[PDB]
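Each remark here refers to the structure printed beneath this line.
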Amino acid sequence: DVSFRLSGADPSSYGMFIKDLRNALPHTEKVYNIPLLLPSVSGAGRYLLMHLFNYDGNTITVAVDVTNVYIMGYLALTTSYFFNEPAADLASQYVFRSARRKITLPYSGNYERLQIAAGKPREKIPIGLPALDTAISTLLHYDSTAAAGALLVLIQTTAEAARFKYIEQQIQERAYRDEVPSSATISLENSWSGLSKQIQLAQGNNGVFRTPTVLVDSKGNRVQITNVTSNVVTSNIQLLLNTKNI
Ligand SMILES: *[C@@H]1O[C@H](CO)[C@@H](O)[C@H](O)[C@H]1NC(C)=O
Ligand SMILES: NC(=[NH2+])NCCC[C@H](N)C(=O)O
């Protein structure tokens, strides 16, 4: 398990949490020095538990699929909540079985559905450590519209930060003041599957991507990534989605 406490949190302790989260994900290979997530894991070992504590010390436990860093569901007191998705339904066979009741949320966990449920795109939802504290608090008591927004915050401040150092740093900058994600942040989130694939394809193509990946940089300019010498590959991305899952 990994844990993060918002009480006394600062950029350093958040950084330690994200490092723990990355290190909890199993891999047998690295591809261009980036850990390659496993094609599959059977049984309960597929799921990592993240224990998150809000500023008041109340807690939720979030189940994460270790092959893709997707959040499947979470436990709040004696109630479990899962996305309306076959993969989350499967997760519910292994995690939080001692919950007194299980609620299936009225949406799947992908960005498009969550944004529809929340009533706003995540370009408009502030993120940061205060937003994460709020999100944990929201998830403690069921409200599906509010939860969709909280889950968008949760996904970006945990999973997305684990995947990209740039995103981790963006959250560190928002340790004491929320701010909507940069356009670069959104671009990276949207491109993880694509980048993971092209980095793996580059292995037998002399470090060259079979298909260029288009991204937005910190400045707001649109740029093409074509090979593994790009800063996004050498410095930023921290986990690769296995091509068998793409
Ligand atoms: C590879 O990407 C680097 C970094 O962006 C770029 O400067 C260079 O033009 C590219 N080289 C090749 C051979 O694709
Ligand atoms: N990167 C993440 N933690 N994403 C959470 C979403 C998980 C959800 N099961 C999905 O369909 O993606």
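Chain labels A, B, ... are given in the sequence in which chains occur in the structure tokens; within each chain residues are numbered consecutively from 1, and ligands are likewise numbered from 1 in the order shown.
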**Item:** DSSP strand (DSSP E) selection over stretch 49-107 of chain A, as JSON, numbers by chain
**Value:** {"A": [49, 50, 51, 52, 53, 59, 60, 61, 62, 63, 64, 65, 70, 71, 72, 73, 74, 75, 76, 79, 80, 81, 82, 101, 102, 103, 104]}
**Residues within 7 Å of ligand 1, counting only C-alpha atoms and all ligand atoms, as JSON, numbers by chain** = {"A": [208, 225, 226, 227, 228, 229, 230]}
Writing out the chosen residues with N, CA, C and O atoms as a PDB file, in the first residue's frame:
```
ATOM      1  N   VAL A 208      13.370   6.026 -33.221  1.00  0.00           N
ATOM      2  CA  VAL A 208      12.486   6.895 -33.993  1.00  0.00           C
ATOM      3  C   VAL A 208      11.046   6.391 -33.869  1.00  0.00           C
ATOM      4  O   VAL A 208      10.786   5.197 -34.013  1.00  0.00           O
ATOM      5  N   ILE A 225       6.632  15.384 -31.357  1.00  0.00           N
ATOM      6  CA  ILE A 225       7.632  14.511 -30.752  1.00  0.00           C
ATOM      7  C   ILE A 225       7.851  13.376 -31.745  1.00  0.00           C
ATOM      8  O   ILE A 225       6.893  12.710 -32.134  1.00  0.00           O
ATOM      9  N   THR A 226       9.093  13.172 -32.178  1.00  0.00           N
ATOM     10  CA  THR A 226       9.371  12.203 -33.249  1.00  0.00           C
ATOM     11  C   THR A 226      10.349  11.092 -32.884  1.00  0.00           C
ATOM     12  O   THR A 226      10.457  10.104 -33.611  1.00  0.00           O
ATOM     13  N   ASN A 227      11.063  11.251 -31.777  1.00  0.00           N
ATOM     14  CA  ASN A 227      12.065  10.281 -31.387  1.00  0.00           C
ATOM     15  C   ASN A 227      12.366  10.365 -29.898  1.00  0.00           C
ATOM     16  O   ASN A 227      11.916  11.289 -29.212  1.00  0.00           O
ATOM     17  N   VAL A 228      13.124   9.393 -29.405  1.00  0.00           N
ATOM     18  CA  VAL A 228      13.360   9.244 -27.966  1.00  0.00           C
ATOM     19  C   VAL A 228      14.335  10.260 -27.347  1.00  0.00           C
ATOM     20  O   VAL A 228      14.531  10.247 -26.134  1.00  0.00           O
ATOM     21  N   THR A 229      14.947  11.121 -28.162  1.00  0.00           N
ATOM     22  CA  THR A 229      15.833  12.172 -27.632  1.00  0.00           C
ATOM     23  C   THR A 229      15.052  13.378 -27.111  1.00  0.00           C
ATOM     24  O   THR A 229      15.635  14.272 -26.506  1.00  0.00           O
ATOM     25  N   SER A 230      13.744  13.410 -27.357  1.00  0.00           N
ATOM     26  CA  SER A 230      12.913  14.511 -26.891  1.00  0.00           C
ATOM     27  C   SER A 230      12.864  14.532 -25.361  1.00  0.00           C
ATOM     28  O   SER A 230      12.889  13.485 -24.712  1.00  0.00           O
TER      29      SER A 230
END
```
**Asked** Which chains and residue numbers are within 8 Å of ligand 2, counting only C-alpha atoms and all ligand atoms, if I want them as a PyMOL selection string?
**Response** chain A and resi 64+68-73+83+85+87-88+108-111+151+154-156+158-160
Residues of stretch 154-237 of chain A at most 10 Å from stretch 120-133 of chain A: nearest atom pair and distance in Å, only C-alpha atoms, as JSON lines:
```
{"residue": "A:154", "atom": "CA", "partner": "A:132", "partner_atom": "CA", "distance": 6.2}
{"residue": "A:155", "atom": "CA", "partner": "A:132", "partner_atom": "CA", "distance": 9.7}
{"residue": "A:156", "atom": "CA", "partner": "A:127", "partner_atom": "CA", "distance": 7.8}
{"residue": "A:157", "atom": "CA", "partner": "A:128", "partner_atom": "CA", "distance": 7.0}
{"residue": "A:158", "atom": "CA", "partner": "A:132", "partner_atom": "CA", "distance": 9.2}
{"residue": "A:168", "atom": "CA", "partner": "A:128", "partner_atom": "CA", "distance": 9.9}
{"residue": "A:170", "atom": "CA", "partner": "A:128", "partner_atom": "CA", "distance": 8.0}
{"residue": "A:171", "atom": "CA", "partner": "A:128", "partner_atom": "CA", "distance": 5.0}
{"residue": "A:172", "atom": "CA", "partner": "A:128", "partner_atom": "CA", "distance": 7.4}
{"residue": "A:173", "atom": "CA", "partner": "A:128", "partner_atom": "CA", "distance": 7.8}
{"residue": "A:174", "atom": "CA", "partner": "A:128", "partner_atom": "CA", "distance": 4.5}
{"residue": "A:175", "atom": "CA", "partner": "A:129", "partner_atom": "CA", "distance": 4.9}
{"residue": "A:176", "atom": "CA", "partner": "A:130", "partner_atom": "CA", "distance": 6.3}
{"residue": "A:177", "atom": "CA", "partner": "A:130", "partner_atom": "CA", "distance": 6.6}
{"residue": "A:178", "atom": "CA", "partner": "A:128", "partner_atom": "CA", "distance": 4.7}
{"residue": "A:179", "atom": "CA", "partner": "A:126", "partner_atom": "CA", "distance": 4.5}
{"residue": "A:180", "atom": "CA", "partner": "A:126", "partner_atom": "CA", "distance": 3.9}
{"residue": "A:181", "atom": "CA", "partner": "A:123", "partner_atom": "CA", "distance": 6.3}
{"residue": "A:182", "atom": "CA", "partner": "A:123", "partner_atom": "CA", "distance": 7.9}
{"residue": "A:183", "atom": "CA", "partner": "A:123", "partner_atom": "CA", "distance": 7.7}
{"residue": "A:185", "atom": "CA", "partner": "A:123", "partner_atom": "CA", "distance": 9.6}
{"residue": "A:186", "atom": "CA", "partner": "A:123", "partner_atom": "CA", "distance": 7.5}
```
Preceding selection exported with C-alpha atoms as a short mmCIF file (atom, residue, chain, number, x, y, z; two decimals), in the first residue's frame:
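Full text of again.cif as output:
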```
data_model
loop_
_atom_site.label_atom_id
_atom_site.label_comp_id
_atom_site.auth_asym_id
_atom_site.auth_seq_id
_atom_site.Cartn_x
_atom_site.Cartn_y
_atom_site.Cartn_z
CA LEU A 154 -8.00 12.63 -7.78
CA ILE A 155 -6.98 11.05 -11.08
CA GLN A 156 -4.85 14.02 -12.09
CA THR A 157 -3.11 14.54 -8.73
CA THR A 158 -2.24 10.86 -8.30
CA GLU A 168 3.97 16.08 -10.46
CA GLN A 170 2.62 21.27 -11.58
CA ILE A 171 0.88 19.88 -8.50
CA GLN A 172 3.86 20.84 -6.30
CA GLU A 173 3.46 24.42 -7.58
CA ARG A 174 -0.18 24.17 -6.47
CA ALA A 175 0.62 22.93 -2.95
CA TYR A 176 -1.15 25.87 -1.26
CA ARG A 177 -3.26 27.35 -4.07
CA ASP A 178 -5.28 25.48 -6.69
CA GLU A 179 -5.12 26.41 -10.35
CA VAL A 180 -6.61 24.87 -13.48
CA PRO A 181 -4.15 22.55 -15.26
CA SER A 182 -1.85 23.98 -17.91
CA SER A 183 -2.66 23.14 -21.54
CA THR A 185 -0.73 19.05 -18.59
CA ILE A 186 -3.96 18.19 -20.49
#
```
**Prompt:** Leaving out stretch 18-29 of chain A and any residue of its chain fewer than 5 positions from it, which residues lie within 10 Å of it when counting only C-alpha atoms, given as a count of residues only?
**Reply:** 36
**Message:** When you look at residue A:243 with a cut-off of 6 Å (counting only C-alpha atoms), what residues show up, excluding the ones that are within fewer than 2 positions of it in the same chain? I need them as a list in words.
**Reply:** residues 197, 245 and 246 of chain A
**Item:** Closest of A:137, A:142, A:17, A:114 to residue A:78 - atom-to-atom distances counting only C-alpha atoms
**Value:** A:142
**Message:** If you run DSSP on the backbone here, which positions in stretch 23-190 of chain A get helix (DSSP H, G or I)? Please write them as a count of residues only.
**Reply:** 70
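Distance annotation: of A:52, A:60, A:113, A:241, the residue with the minimal separation from residue A:84 is A:113; atom set is only C-alpha atoms.
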**Prompt:** Suppose you want the space between atom CA of residue A:224 and atom CA of residue A:200; what is it in Å?
**Reply:** 17.3 Å
**Asked** Using only C-alpha atoms, which residues sit within 7 Å of stretch 80-82 of chain A once same-chain residues fewer than 3 positions away are excluded, as a list in words?
**Response**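 The filter keeps residues 72, 73, 74, 75, 76, 88, 96, 99, 101, 102, 103, 104 and 105 of chain A.
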**Message:** Measuring between only C-alpha atoms, which one of A:42, A:191, A:235, A:134 shows the shortest distance to residue A:216?
**Reply:**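 Nearest to residue A:216: A:191.
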**Prompt:** Quick one, how far is atom CA of residue A:11 from atom CA of residue A:140?
**Reply:**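 Distance between the two atoms: 24.5 Å.
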**Request:** Quick one: pull the distance between atom CA of residue A:115 and atom CA of residue A:211, Å, one decimal.
**Result:**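 One can read the atom CA of residue A:115 to atom CA of residue A:211 distance as 28.6 Å.
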